[PDB]
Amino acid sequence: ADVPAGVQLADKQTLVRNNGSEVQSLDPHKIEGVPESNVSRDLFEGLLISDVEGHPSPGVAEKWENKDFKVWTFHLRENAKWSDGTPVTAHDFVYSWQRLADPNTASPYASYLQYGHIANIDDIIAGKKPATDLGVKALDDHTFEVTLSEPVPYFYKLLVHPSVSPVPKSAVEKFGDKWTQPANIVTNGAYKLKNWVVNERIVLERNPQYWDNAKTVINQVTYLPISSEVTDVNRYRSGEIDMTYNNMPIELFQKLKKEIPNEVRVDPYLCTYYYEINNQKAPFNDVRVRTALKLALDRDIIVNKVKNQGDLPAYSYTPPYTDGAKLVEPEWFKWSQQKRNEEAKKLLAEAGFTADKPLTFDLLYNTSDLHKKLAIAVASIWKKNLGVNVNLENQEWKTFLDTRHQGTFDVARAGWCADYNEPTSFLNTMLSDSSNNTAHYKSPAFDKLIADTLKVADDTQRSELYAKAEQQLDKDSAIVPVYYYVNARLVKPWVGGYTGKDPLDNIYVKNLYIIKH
């Protein structure tokens, strides 16, 4: 943390953050979500990290070079250490990226290595080559070299993500799935795991072996798994929570804005809220049905009437303010809702649905006040506007993500937040073979457009192909865009160091501090 001159620090430097749900895991290769990543940044540090405003910055690597954007060489700081006092080396990264690529690990982020185009990754994911053929090597203990199959000018931006953090081989090998328990875990971030009570709390304590430990101010942070946004706000206002999770409740937000304006942080956020359609399950494999659901949803009502938290109505998957996004707003978004409703009803009748035989399906969401209230409003709107019947189902976060990967659903509430600020951080998740494709969308034309983005050496041509890829997704109605999120949360006045400037919201508790109050 960088404490400003004259700030008086509190005697006790402890922090309580709500984290939205129980984490899937603490293993960097087994996670895919925001809650998971929130805890992961405090425990495991990759090559680069985000600074307090979100800029890619030195992590374990203190400096790096690239040759033609294809060979990237990272110089690891000599004092980087794990919490057991042993050095973090380039060998740790070689093992870790291999474990990520290895199909036996079944990481949800195995494709992150395809997004960066690390040599031989396609064959490794397919089982054609062993994970040891991955295009990474330790040139010495403090030098990690990555070789890509084509120039990727933004490659380094990918490296602040948890999937490319190191994991301790000896703990993984000796303890297997229990390597993340407090007694067994080894970590190289600013914190160490002290306690993990499932569905109660995760408690982290400062790691004295962290290379930049002298700048760490918070001594202990607790992450809570509260999925009720109303409850989160309640325990923040009671004094227990210092920073809520950034999912705000419809019940109280209007009131909070007027009651505690200075505590309500509302900043840009590169995330899109949408209804994910299972594209491989009839009748959702018919474009007419998917298009009807997309058009009959009234975003103005959801965004401005039912939620009204500053969100913008969405017409694409990639947020239009992503660095590199130059998207074409489709004609259907400019129409009136009445015109969208007629078009929707017309495609539905063409797909064989009648009043006698209506379209009935499930709408899966993860437990939450926000998601439930939004799903109830969406069910009503689709019933009223299009004649479809929806059966709402809630699941806890970890189960919900597994259900979407399994494909055991019809429509699911969904939200993707950028991992790096560039349109492919969204677009690559819709590739046919992406480990993150929970839409189960497979379009050879979409795949080709993205493939072509690294075959040109022009950002103008790249941006045009990204727009065309969004247009292909849209013409196929792969998803139902709802709104672009804003990052809205409550932060006590005494919590210093949270700028709200990073649109990826990659917060590190090592950057924060408690002002005397």
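Superpose the two forms; the largest set of C-alphas matching within 1.5 Å is the rigid core. One-based numbering along the sequence shown.
Asks: With everything overlaid on the rigid core, name the stretch, 247 to 255 or 268 to 276, whose CA atoms wander farther on average in 9 other deposited structures of this protein.
Replies: Greater root mean square C-alpha distance in 9 other deposited structures of this protein: 268 to 276.
Asks: Quick one: with the core lined up, is it 398 to 406 or 193 to 201 that wanders further in 9 other deposited structures of this protein, going by C-alpha RMS?
Replies: Once the cores are fitted, 398 to 406 deviates more in 9 other deposited structures of this protein.
Asks: When the C-alpha temperature factors are averaged for each of 366 to 374 and 302 to 310, which stretch ends up with the higher value in the entry?
Replies: In the deposited entry, the stretch with the higher C-alpha B-factor mean is 302 to 310.
Asks: If you average the CA temperature factors as listed in the entry, which stretch comes out higher, 56 to 64 or 453 to 461?
Replies: It is 453 to 461 that shows the higher mean C-alpha B-factor.
Asks: Go through 101, 233, 183, 90 one by one and give the residue whose Cα B-factor in the PDB entry is largest.
Replies: Highest C-alpha B-factor among the listed residues goes to 183.
Asks: Specify which of 242, 393, 323, 342 carries the largest Cα B factor in the deposited PDB entry.
Replies: Among 242, 393, 323, 342, the PDB entry lists the largest C-alpha B-factor for 342.
Asks: Mind checking which third residue 13 falls in for C-alpha B-factor across the chain?
Replies: Tercile = middle for this residue's CA B-factor.
Asks: Which third of the chain does residue 168 land in by C-alpha B-factor: lowest, middle or highest?
Replies: According to the entry, residue 168 has a C-alpha B-factor in the chain's middle third.
Asks: Split the chain's modelled residues into thirds by Cα B-factor; is residue 422 in the lowest, middle or highest one?
Replies: Tercile = lowest for this residue's CA B-factor.
Asks: Using the temperature factors of the C-alpha atoms in this entry, rank residue 483 within its chain: lowest, middle or highest third.
Replies: For residue 483, the deposited C-alpha B-factor lands in the middle third.
Asks: Quick check for you: using the entry's CA B-factors within this chain, is residue 223 in the lowest, middle or highest third?
Replies: Within its chain, residue 223 is a lowest-third residue by C-alpha B-factor, going by the deposited values.
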